[PDB]
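Scroll down for the structure; my scribbles are underneath it.
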Amino acid sequence: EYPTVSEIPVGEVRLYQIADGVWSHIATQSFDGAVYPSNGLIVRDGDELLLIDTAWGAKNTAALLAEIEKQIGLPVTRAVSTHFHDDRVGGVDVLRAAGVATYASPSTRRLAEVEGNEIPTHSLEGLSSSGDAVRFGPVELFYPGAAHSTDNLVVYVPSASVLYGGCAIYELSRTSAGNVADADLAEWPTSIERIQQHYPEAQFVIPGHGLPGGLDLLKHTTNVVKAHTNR
Ligand code: NA
Ligand SMILES: [Zn+2]
Ligand SMILES: [Zn+2]
Ligand SMILES: [Zn+2]
């Protein structure tokens, strides 16, 4: 029942309820003549919402805000981007113009600026060292170490046992490396083990792209990363 890359035209966004007050958002983009899905998260925060990641571009992100107001009807007051790539920050300008306070680590803000990408306004402190965690409203933010990117964060929703791995975690159907231009392949397995150690009770694990599953997605990602390392 999770929407697949094939059922979502580029420009539209779907919401999927994972648990009480926790949704993923799913959008698509075309690259090199193929179509790719991308996930983010929405977490209820009293009578407001916390958004995790944009919907991969300005147009998709405007559609995301429209779909949230239609389906949920609570204001998105804050957004966190989990690393500096466009599937995470592309759409930050749309969020900002809509009155959403945008956040990322100082590492992410720096890398976004270097890349010429959109830059979240606010800096998240306390996430500079591997293993660092901070509470941000209804979620915990965790910096596991370098993996898919040097700045990648993961997000845990303790009330729902939902772990949002972002692009540091691959879906099961992905058996080859994705975009690894900015990755730390040498550290990625160690960073994954920090995630496993910190969130062993997670019941629902969401990758940056593709289908959710359980904690098996972590060892799966390590397997794929190690195979790529040995290519
Ligand atoms: Na924790
Ligand atoms: Zn990325
Ligand atoms: Zn502000
Ligand atoms: Zn990604």
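Ordering of the structure tokens sets the chain letters (A, B, ...), residue numbers begin anew at 1 in every chain, and ligands are numbered from 1 in the order given.
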
Using only C-alpha atoms, what table do you get, as a tab-separated table, when you list each residue of region 86-173 of chain A with an atom no more than 10 Å from region 17-30 of chain A, its nearest pair of atoms, and their distance in Å rounded to one decimal, rows by chain then rising number?
```
residue	atom	partner	partner_atom	distance
A:87	CA	A:29	CA	9.1
A:157	CA	A:22	CA	8.2
A:159	CA	A:20	CA	8.9
A:160	CA	A:19	CA	6.2
A:161	CA	A:19	CA	8.9
A:162	CA	A:18	CA	8.2
A:164	CA	A:24	CA	9.3
```

Open item on the list: 9 Å from ligand 1 is the threshold here; counting only C-alpha atoms and all ligand atoms, which polymer residues fall inside it? Answer as a ChimeraX atom specification.
Closed with: /A:132-135,140-142,156,158,198-199

With N, CA and C atoms retained, export the selected residues as a tab-separated table (two decimals), in the first residue's frame.
```
chain	number	residue	atom	x	y	z
A	132	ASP	N	26.23	12.31	18.53
A	132	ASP	CA	25.48	13.41	19.13
A	132	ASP	C	23.98	13.31	18.82
A	133	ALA	N	23.16	13.60	19.83
A	133	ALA	CA	21.72	13.64	19.68
A	133	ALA	C	21.14	14.86	20.38
A	134	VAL	N	20.07	15.41	19.82
A	134	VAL	CA	19.32	16.49	20.46
A	134	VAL	C	17.84	16.31	20.22
A	135	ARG	N	17.02	16.72	21.18
A	135	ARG	CA	15.57	16.72	20.98
A	135	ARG	C	15.14	18.01	20.29
A	140	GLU	N	13.78	13.18	18.03
A	140	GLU	CA	15.21	13.27	18.33
A	140	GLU	C	15.97	13.31	17.01
A	141	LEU	N	16.92	14.25	16.92
A	141	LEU	CA	17.86	14.34	15.80
A	141	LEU	C	19.17	13.69	16.23
A	142	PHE	N	19.78	12.91	15.33
A	142	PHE	CA	20.98	12.14	15.64
A	142	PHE	C	21.96	12.29	14.50
A	156	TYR	N	14.39	10.31	14.81
A	156	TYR	CA	13.63	9.27	15.50
A	156	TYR	C	12.40	9.89	16.17
A	158	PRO	N	10.08	9.06	19.07
A	158	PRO	CA	9.98	8.07	20.15
A	158	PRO	C	8.57	7.59	20.44
A	198	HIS	N	21.89	3.05	18.84
A	198	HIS	CA	21.09	4.09	19.49
A	198	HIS	C	19.58	3.82	19.42
A	199	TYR	N	19.13	3.14	18.36
A	199	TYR	CA	17.69	2.93	18.10
A	199	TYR	C	17.32	1.45	17.87
```

Open item on the list: Using only C-alpha atoms, which protein or nucleic acid residues come within 6 Å of region 47-55 of chain A? Drop anything in the same chain fewer than 2 positions from it, and give the result as a PyMOL selection string.
Closed with: chain A and resi 27+40-45+60-61+74-76+78-81+88-89+91

Residues within 12 Å of ligand 2 (only C-alpha atoms and all ligand atoms), as a short mmCIF file (atom, residue, chain, number, x, y, z; two decimals) with N, CA, C and O atoms, in the first residue's frame?
```
data_model
loop_
_atom_site.label_atom_id
_atom_site.label_comp_id
_atom_site.auth_asym_id
_atom_site.auth_seq_id
_atom_site.Cartn_x
_atom_site.Cartn_y
_atom_site.Cartn_z
N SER A 38 11.24 9.95 -3.75
CA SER A 38 11.95 10.46 -2.58
C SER A 38 10.97 10.64 -1.43
O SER A 38 9.82 11.04 -1.65
N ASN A 39 11.43 10.32 -0.22
CA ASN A 39 10.63 10.42 1.01
C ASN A 39 11.09 11.53 1.93
O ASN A 39 12.29 11.78 2.03
N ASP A 53 12.54 17.35 5.75
CA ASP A 53 12.97 17.40 4.35
C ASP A 53 11.91 17.97 3.41
O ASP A 53 10.69 17.85 3.62
N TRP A 56 11.82 17.68 -2.80
CA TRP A 56 12.73 17.60 -3.95
C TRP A 56 12.33 18.60 -5.04
O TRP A 56 11.95 18.22 -6.16
N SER A 81 16.10 19.98 7.41
CA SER A 81 16.70 19.28 6.28
C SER A 81 17.83 18.39 6.80
O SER A 81 18.69 18.87 7.54
N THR A 82 17.84 17.12 6.39
CA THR A 82 18.74 16.13 6.96
C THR A 82 20.09 16.00 6.25
O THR A 82 20.97 15.34 6.76
N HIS A 83 20.24 16.60 5.07
CA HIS A 83 21.56 16.88 4.48
C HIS A 83 21.39 17.89 3.36
O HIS A 83 20.30 18.43 3.18
N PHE A 84 22.47 18.21 2.65
CA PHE A 84 22.51 19.39 1.81
C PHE A 84 22.04 19.21 0.37
O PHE A 84 21.96 20.19 -0.37
N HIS A 85 21.72 17.98 -0.05
CA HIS A 85 21.31 17.74 -1.43
C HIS A 85 19.89 18.28 -1.71
O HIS A 85 19.10 18.55 -0.81
N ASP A 86 19.58 18.44 -2.99
CA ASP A 86 18.31 19.05 -3.43
C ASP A 86 17.08 18.29 -3.00
O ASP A 86 16.02 18.89 -2.85
N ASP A 87 17.17 16.98 -2.84
CA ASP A 87 16.03 16.22 -2.35
C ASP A 87 15.72 16.51 -0.87
O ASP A 87 14.70 16.03 -0.35
N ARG A 88 16.57 17.31 -0.23
CA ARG A 88 16.42 17.66 1.18
C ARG A 88 16.22 19.16 1.40
O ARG A 88 15.49 19.53 2.32
N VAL A 89 16.89 19.99 0.60
CA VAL A 89 16.79 21.45 0.71
C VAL A 89 16.12 22.14 -0.48
O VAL A 89 15.84 23.33 -0.41
N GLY A 90 15.90 21.43 -1.57
CA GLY A 90 15.28 22.03 -2.74
C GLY A 90 13.81 22.26 -2.46
O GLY A 90 13.07 21.31 -2.29
N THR A 108 25.51 21.18 7.22
CA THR A 108 24.60 21.15 6.09
C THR A 108 24.50 22.54 5.45
O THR A 108 24.50 22.65 4.22
N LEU A 111 27.67 23.23 3.37
CA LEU A 111 27.75 22.43 2.15
C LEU A 111 26.70 22.86 1.12
O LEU A 111 26.97 22.86 -0.08
N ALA A 112 25.50 23.22 1.58
CA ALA A 112 24.48 23.72 0.67
C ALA A 112 24.96 24.99 -0.02
O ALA A 112 24.80 25.14 -1.23
N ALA A 146 29.64 10.39 9.24
CA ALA A 146 29.58 10.48 7.79
C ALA A 146 29.12 9.16 7.15
O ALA A 146 29.50 8.07 7.60
N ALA A 147 28.32 9.26 6.10
CA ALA A 147 27.78 8.08 5.44
C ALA A 147 27.47 8.43 3.98
O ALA A 147 28.39 8.61 3.18
N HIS A 148 26.19 8.58 3.64
CA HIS A 148 25.80 9.07 2.32
C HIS A 148 26.39 10.46 2.05
O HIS A 148 26.76 10.78 0.92
N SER A 149 26.48 11.27 3.11
CA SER A 149 27.16 12.56 3.06
C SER A 149 27.81 12.79 4.40
O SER A 149 27.52 12.08 5.37
N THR A 150 28.68 13.78 4.49
CA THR A 150 29.39 14.01 5.76
C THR A 150 28.47 14.61 6.83
O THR A 150 28.74 14.47 8.01
N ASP A 151 27.38 15.24 6.39
CA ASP A 151 26.47 15.96 7.27
C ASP A 151 25.17 15.22 7.59
O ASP A 151 24.33 15.75 8.31
N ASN A 152 24.97 14.02 7.05
CA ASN A 152 23.65 13.39 7.15
C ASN A 152 23.16 13.16 8.58
O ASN A 152 23.90 12.66 9.44
N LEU A 153 21.91 13.57 8.82
CA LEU A 153 21.23 13.34 10.09
C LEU A 153 20.17 12.26 9.95
O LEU A 153 19.60 12.05 8.86
N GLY A 165 15.73 7.21 8.40
CA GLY A 165 17.15 7.08 8.14
C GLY A 165 17.65 8.08 7.12
O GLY A 165 18.85 8.29 7.01
N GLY A 166 16.75 8.64 6.33
CA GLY A 166 17.14 9.50 5.22
C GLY A 166 18.06 8.74 4.27
O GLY A 166 18.03 7.51 4.20
N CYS A 167 18.90 9.47 3.55
CA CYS A 167 19.63 8.86 2.42
C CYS A 167 20.84 8.02 2.85
O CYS A 167 21.43 7.33 2.02
N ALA A 168 21.15 8.02 4.14
CA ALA A 168 22.11 7.08 4.71
C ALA A 168 21.61 5.63 4.73
O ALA A 168 22.42 4.72 4.92
N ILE A 169 20.31 5.43 4.53
CA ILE A 169 19.71 4.09 4.54
C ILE A 169 19.04 3.84 3.19
O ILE A 169 18.27 4.67 2.71
N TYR A 170 19.36 2.70 2.59
CA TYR A 170 18.80 2.25 1.32
C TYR A 170 17.60 1.33 1.52
O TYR A 170 17.56 0.52 2.46
N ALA A 177 24.94 1.00 -5.49
CA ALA A 177 25.08 2.32 -4.89
C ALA A 177 24.27 3.36 -5.66
O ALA A 177 24.16 3.31 -6.88
N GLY A 178 23.70 4.30 -4.91
CA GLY A 178 23.00 5.43 -5.50
C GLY A 178 23.97 6.57 -5.72
O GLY A 178 25.11 6.35 -6.14
N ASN A 179 23.54 7.80 -5.46
CA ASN A 179 24.44 8.93 -5.55
C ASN A 179 25.44 8.88 -4.41
O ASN A 179 25.07 9.14 -3.26
N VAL A 180 26.69 8.54 -4.71
CA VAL A 180 27.72 8.46 -3.68
C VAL A 180 28.84 9.47 -3.89
O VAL A 180 29.88 9.38 -3.25
N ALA A 181 28.61 10.48 -4.74
CA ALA A 181 29.65 11.48 -5.01
C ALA A 181 30.16 12.19 -3.75
O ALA A 181 31.33 12.58 -3.68
N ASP A 182 29.28 12.35 -2.76
CA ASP A 182 29.60 13.09 -1.55
C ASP A 182 29.72 12.17 -0.31
O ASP A 182 29.79 12.64 0.81
N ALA A 183 29.77 10.87 -0.55
CA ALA A 183 29.76 9.86 0.53
C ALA A 183 31.12 9.65 1.16
O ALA A 183 32.15 9.95 0.55
N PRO A 207 13.71 4.81 4.48
CA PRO A 207 14.88 5.23 3.71
C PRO A 207 14.60 6.58 3.03
O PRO A 207 13.44 7.00 2.90
N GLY A 208 15.64 7.24 2.56
CA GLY A 208 15.47 8.49 1.84
C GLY A 208 14.71 8.32 0.53
O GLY A 208 14.06 9.23 0.08
N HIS A 209 14.84 7.14 -0.07
CA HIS A 209 14.20 6.83 -1.34
C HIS A 209 13.65 5.41 -1.26
O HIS A 209 14.39 4.48 -0.96
#
```

TODO: Collect all residues with atoms no farther than 7 Å from ligand 3, counting only C-alpha atoms and all ligand atoms, and output them as a list in words.
DONE: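 Counting only what the definition allows, namely only C-alpha atoms and all ligand atoms, the set is residues 101, 121 and 122 of chain A.
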
Would you save the residues of that selection, restricted to N, CA and C atoms, as a PDB file, in the first residue's frame?
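Output below, filename result-v8.pdb:
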```pdb
ATOM      1  N   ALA A 101       9.700  28.106   9.510  1.00  0.00           N
ATOM      2  CA  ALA A 101      11.077  28.270   9.978  1.00  0.00           C
ATOM      3  C   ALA A 101      11.877  27.048   9.544  1.00  0.00           C
ATOM      4  N   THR A 121      17.476  28.568   7.055  1.00  0.00           N
ATOM      5  CA  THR A 121      17.814  29.780   7.807  1.00  0.00           C
ATOM      6  C   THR A 121      18.555  29.524   9.118  1.00  0.00           C
ATOM      7  N   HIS A 122      18.023  28.614   9.918  1.00  0.00           N
ATOM      8  CA  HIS A 122      18.467  28.409  11.293  1.00  0.00           C
ATOM      9  C   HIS A 122      19.469  27.277  11.396  1.00  0.00           C
TER      10      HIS A 122
END
```

Open item on the list: Can you pull out every residue from chain A that DSSP, working from the backbone, puts in alpha helix (DSSP H), and format the result as a PyMOL selection string?
Closed with: chain A and resi 58-71+86-89+92-97+106-115+188-198+216-229

Task: Nearest to ligand 4 by atom-to-atom distance, counting only C-alpha atoms and all ligand atoms, from A:210, A:172, A:9, A:136 - done: A:210

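Distances here use only C-alpha atoms and all ligand atoms; by that measure, the residue among A:124, A:16, A:171, A:189 closest to ligand 4 is A:171.
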
Open item on the list: I'd like the contact shell of residue 100 (chain A) - 6 Å cut-off, only C-alpha atoms, skipping same-chain residues fewer than 3 positions apart - returned as a list in words.
Closed with: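 Contacts, in chain order: residues 77, 78, 95 and 96 of chain A.
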
TODO: Check the DSSP output for the backbone and give back, as a ChimeraX atom specification, the residues of region 79-222 of chain A in strand (DSSP E).
DONE: /A:79-80,101-104,122-123,132-136,139-143,154-157,162-166,204-207

Task: Best match for closeness to residue 204 (chain A) among A:15, A:98, A:163, A:10, counting only C-alpha atoms - done: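 Comparing A:15, A:98, A:163, A:10 against residue 204 (chain A), the winner is A:163.
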
- [ ] State, in Å with one decimal place, the distance from CA of residue 11 (chain A) to CA of residue 33 (chain A).
- [x]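 Result for CA of residue 11 (chain A) versus CA of residue 33 (chain A): 15.7 Å, one decimal.
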
Open item on the list: Counting only C-alpha atoms, which residue out of A:109, A:219, A:194, A:226 sits closest to residue 130 (chain A)?
Closed with: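 Counting only C-alpha atoms, the residue closest to residue 130 (chain A) is A:194.
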
- [ ] Please identify all polymer residues within 9 Å of residue 67 (chain A), counting only C-alpha atoms, omitting same-chain residues fewer than 5 positions from it, and present them as a PyMOL selection string.
- [x] chain A and resi 13-15+62+72-73

Please produce a file of the residues just selected, as a short mmCIF file (atom, residue, chain, number, x, y, z; two decimals), in the first residue's frame, where the atoms kept are N, CA and C atoms.
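The new file selection14.cif reads:
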```
data_model
loop_
_atom_site.label_atom_id
_atom_site.label_comp_id
_atom_site.auth_asym_id
_atom_site.auth_seq_id
_atom_site.Cartn_x
_atom_site.Cartn_y
_atom_site.Cartn_z
N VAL A 13 2.43 15.06 -4.92
CA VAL A 13 2.94 14.51 -3.68
C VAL A 13 1.88 13.68 -2.97
N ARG A 14 2.28 12.52 -2.44
CA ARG A 14 1.39 11.67 -1.64
C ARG A 14 1.81 11.72 -0.18
N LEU A 15 0.84 11.57 0.71
CA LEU A 15 1.11 11.40 2.13
C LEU A 15 0.72 9.98 2.52
N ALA A 62 5.78 23.12 -3.04
CA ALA A 62 4.52 23.85 -3.01
C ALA A 62 3.34 22.87 -2.99
N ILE A 72 -4.43 17.21 6.31
CA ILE A 72 -4.16 17.26 7.74
C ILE A 72 -4.70 18.56 8.36
N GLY A 73 -4.45 19.69 7.72
CA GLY A 73 -5.08 20.94 8.13
C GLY A 73 -4.49 21.60 9.37
#
```

TODO: Please provide the set of residues having any atom within 7 Å of residue 214 (chain A), restricted to only C-alpha atoms, with same-chain residues fewer than 2 positions apart removed, written as a list in words.
DONE: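 My list of contacting residues is residues 203, 204, 205, 216 and 217 of chain A.
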
Would you put the residues from that selection into a file with N, CA, C and O atoms, as a compact mmCIF listing (two decimals), in the first residue's frame?
```
# COMPACT_ATOMS: atom_id res chain seq x y z
N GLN A 203 10.71 0.26 15.15
CA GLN A 203 9.75 -0.66 14.54
C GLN A 203 9.49 -0.38 13.06
O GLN A 203 9.06 -1.26 12.35
N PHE A 204 9.76 0.84 12.61
CA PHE A 204 9.48 1.27 11.23
C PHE A 204 10.65 2.14 10.78
O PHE A 204 10.90 3.18 11.38
N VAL A 205 11.35 1.71 9.73
CA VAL A 205 12.56 2.36 9.24
C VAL A 205 12.29 2.87 7.83
O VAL A 205 11.95 2.10 6.93
N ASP A 216 16.21 -4.39 9.42
CA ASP A 216 16.98 -5.08 8.38
C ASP A 216 17.53 -4.13 7.31
O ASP A 216 18.50 -4.45 6.65
N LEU A 217 16.89 -2.98 7.11
CA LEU A 217 17.38 -2.03 6.11
C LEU A 217 18.79 -1.55 6.44
O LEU A 217 19.54 -1.17 5.55
```

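Rounded to one decimal, CA of residue 195 (chain A) and CA of residue 176 (chain A) lie 21.2 Å from each other.
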
Task: Among the residues A:12, A:186, A:37, A:117, the one that comes closest to ligand 4 [using only C-alpha atoms and all ligand atoms] - done: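 Among A:12, A:186, A:37, A:117, it is A:37 that comes nearest to ligand 4.
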
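Of the residues under consideration (A:213, A:4, A:36, A:200), A:36 shows the shortest atom-to-atom contact distance to ligand 4 when counting only C-alpha atoms and all ligand atoms.
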
- [ ] For CA of residue 220 (chain A) and CA of residue 191 (chain A), quote the distance in Å rounded to one decimal.
- [x]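 These atoms are spaced 13.7 Å apart.
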